[PDB]
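Down below is the structure, laid out as C-alpha cells.
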Ligand SMILES: CNC(=O)c1cc(C(=O)NC2CC2)cn(Cc2cccc3[nH]ccc23)c1=O
C-alpha cells in the first residue's frame, strides 16, 4: 500500500517493459553485462568504473536491493551514461541507448506521487 512499494512497482513495470519484445530490437545490448573480452573492448573496465545492465537491475529488484525509485533510476541511467561515455556518439549502440532511454524517461516521469 505504502508510497515506496507503489513507486517500486512502477519501476518494476518499467523494467518489465525495457526487457519486453516491444523494445528488443534496440534494448538487447543492455540485457547482459558488457563482456569486454568477448567484444575486444580491452579498455572498457579502464573507462567504465561501475558497469550496469538490465540483468543486474532485475537481480537487484528480485533481491529487494532497491530501497526507493531514485536508486532504481540511478542504476538504469548509469547503464546509459556508461554507453555514452565509452562508445563513439555515432555508433548504433548509442542510437539504441538513446531510444531505450527515451522509453525509460517518459514512463519514469509518470511515476505515481
Ligand atoms: C552496452 N553495450 C555496449 O556498450 C556495446 C559496445 C560495443 C562496441 O563494440 N563498442 C566499440 C567502441 C565501438 C558493442 N556492443 C555490441 C553491439 C551492440 C549494438 C550494436 C552493435 N553493432 C555491432 C556490435 C554491436 C555493445 O553492446
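Quick one: count up the residues across the stretch 19-29 that are farther than 13 Å from residue 86 by Cβ, near the ligand (Cβ under 9 Å from one of its atoms) and touching a helix residue (DSSP H, G or I) at 6+ places or on another chain (Cβ under 6 Å).
Residues that pass the stated criteria total 1.
Scan the stretch 54-73 for residues that are part of a loop (DSSP other than H, G, I, E, B) and surrounded by fewer than 19 Cβ atoms within 10 Å (Cβ to Cβ) and report the count.
Summing the residues that are part of a loop (DSSP other than H, G, I, E, B) and surrounded by fewer than 19 Cβ atoms within 10 Å (Cβ to Cβ) in the stretch 54-73 gives 5.
Across the stretch 97-113, what is the total count of residues that are in contact (Cβ under 8 Å) with a residue 12 or more places away in the chain and within 16 Å of the ligand (Cβ to nearest atom)?
6
Hey, among the residues in the stretch 41-53 that are touching a helix residue (DSSP H, G or I) at 6+ places or on another chain (Cβ under 8 Å) and in a helix (DSSP H, G or I), which one's nearest to residue 23 (Cα to Cα)?
44
Here is a list: 76, 94. Which entry is surrounded by 14 or more Cβ atoms within 10 Å (Cβ to Cβ), part of a helix (DSSP H, G or I), within 15 Å of the ligand (Cβ to nearest atom) and free of Cβ contacts under 8 Å to residues at least 40 places away in the same chain?
One residue alone meets the criteria, 94.
So basically every Cβ, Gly included, is an ideal-geometry build from the backbone, and we count neighbours across all protein chains shown. A short reminder: the numbers here are calculations on the coordinates, not readings from a lab.
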